[PDB]
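Have a look at the structure below, then the notes.
No Cβ is skipped: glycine too gets one built from the backbone with ideal geometry, and neighbour counts run over all protein chains shown. Where a number appears in this text, it was derived from the coordinates with a stated rule and is not lab data.
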Amino acid sequence: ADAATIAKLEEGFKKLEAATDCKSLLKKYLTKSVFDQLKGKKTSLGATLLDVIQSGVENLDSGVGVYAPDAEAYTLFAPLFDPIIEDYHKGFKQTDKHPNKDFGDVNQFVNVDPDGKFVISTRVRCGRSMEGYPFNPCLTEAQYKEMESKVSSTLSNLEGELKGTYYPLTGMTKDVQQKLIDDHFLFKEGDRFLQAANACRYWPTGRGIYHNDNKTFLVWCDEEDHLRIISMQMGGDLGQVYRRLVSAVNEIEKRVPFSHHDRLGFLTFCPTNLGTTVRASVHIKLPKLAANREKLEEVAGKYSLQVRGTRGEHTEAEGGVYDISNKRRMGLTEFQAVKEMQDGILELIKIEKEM
């Protein structure tokens with residue numbers, strides 16, 4: 001690590017002490033003892049501590065404030081990453097190992113609302129970093145093109161349910177944009193937190209969108225992580241959504257190896273998405289539980305569920321509509337995470353019926 005970067009690191013640290021208002025996990029765990037042991041180190045691909053914390057220094061309001069420049073950095077800079085991970089993922093000690101991938105007995109997953117009267121739509125997401133490339137902080141332009149032609153080639157040779165079409169962002173027509181905007185499939189350049197992390201360079205080179213013909217499978221190449229992989233549909237057939245996801249992820253891995261770490265799970269750009277990288281969610285109507293919020297907050301904790309209200313434009317009538325997702329991503333398998341989610345929704349609907 002060169003003297004010019006070490007100087008810029010010394011600036012950011014004094015800027016963190018000078019921000020007594022900052023509540024970011026970066027400021028919490030970047031002690032002077034850790035900072036002096038990491039500031040001079042660099043990965044074998046060339047990423048410095050500055051490529052980790054720059055975005056958290058430029059954005060003092062940021063919640064986490066660190067990002068991973070390459071896969072190797074989670075090891076080289078573990079003295080800062082490990083305590084941050086402990087904090088965000090409550091109960092993931094610095095010595096615990098995350099289980100290896102296990103999609104489990106996928107047949108055990110069912111429809112959580114067979115009569116469609118409660119769940120509007122069902123969604124399961126995961127992400128992957130492609131093995132052999134650095135993450136978005138350090139991707140060169142040539143690397144962006146190589147990834148695009150590989151993901152495009154891979155996703156285009158998908159057959160059956162996943163038969164689709166890849167739309168690259170570079171030189172996208174105005175017509176496709178609307179058609180993709182219409183289907184909620186498009187993404188744009190990242191917010192202020194990604195821009196400060198160097199995560200939005202050479203835009204839109206290397207960025208693309210893939211969706212199947214049935215519009216129940218959707219992949220984003222290089223929006224934030226290398227790959228974001230979603231299975232979605234209307235209704236509450238969590239099982240069907242989840243089984244379609246495992247089919248796709250296994251099939252992509254045949255041609256595309258993923259960046260895995262036998263203690264942190266699947267490696268991603270942001271430490272909030274380590275472990276399973278799995279976020280199973282439903283849009284569900286629970287009007288009775290909306291009145292008695294204390295019961296909903298209590299049952300949500302029983303199944304480790306995050307309850308967010310729907311972001312919306314004209315939603316004043318829909319206060320009893322929720323986006324319920326699974327909160328846990330580490331220290332448990334993919335199968336365990338989605339099962340826990342399913343068990344939750346089943347009980348939430350059961351309670352709603354008893355009101």
### Message
Quick check: the distance between the Cα centres of segment 204-273 and segment 29-57, to the nearest angstrom?
### Response
30
## Note on the structure
Result row for the chain, helices from DSSP H with C-alpha axial extent 24 Å or more and mean Kyte hydropathy at least -0.5, is 238-255, 334-353
### Query
What does the highest-first list of 336-343, 175-182 look like by mean Cβ count within 10 Å?
336-343, 175-182
### Task
Quick one: of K41/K93; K14/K327; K23/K117; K215/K295, which pairs are farther than 31 Å apart, Cα to Cα?
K14/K327; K23/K117; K215/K295
### Query
Leaving out same-chain residues fewer than 8 places away, which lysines sit with a Cα under 17 Å from that of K174?
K188
### Task
List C200, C221 from most exposed to least, where exposure is judged by having the fewest other Cβ atoms within 10 Å.
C200, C221
#### Entry: Calculated diffusion of the chain, Stokes-Einstein form, Kirkwood radius summed over Cα pairs, 10 °C and 1.306 mPa s, µm²/s
73
### Task
Using a Gaussian network model of the chain whose springs link C-alpha atoms within less than 10 Å, name the residue from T170, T122, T276 with the highest mean-square fluctuation.
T170
### Query
Using the count of nearby Cβ atoms within 10 Å as a rough guide to exposure, how do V246, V299 rank from fewest to most?
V299, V246
### Task
Evaluate the distance, in nm, between pseudo-label points positioned 7 Å from the Cα of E161 and of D191 along their respective Cα→Cβ axes.
3.3
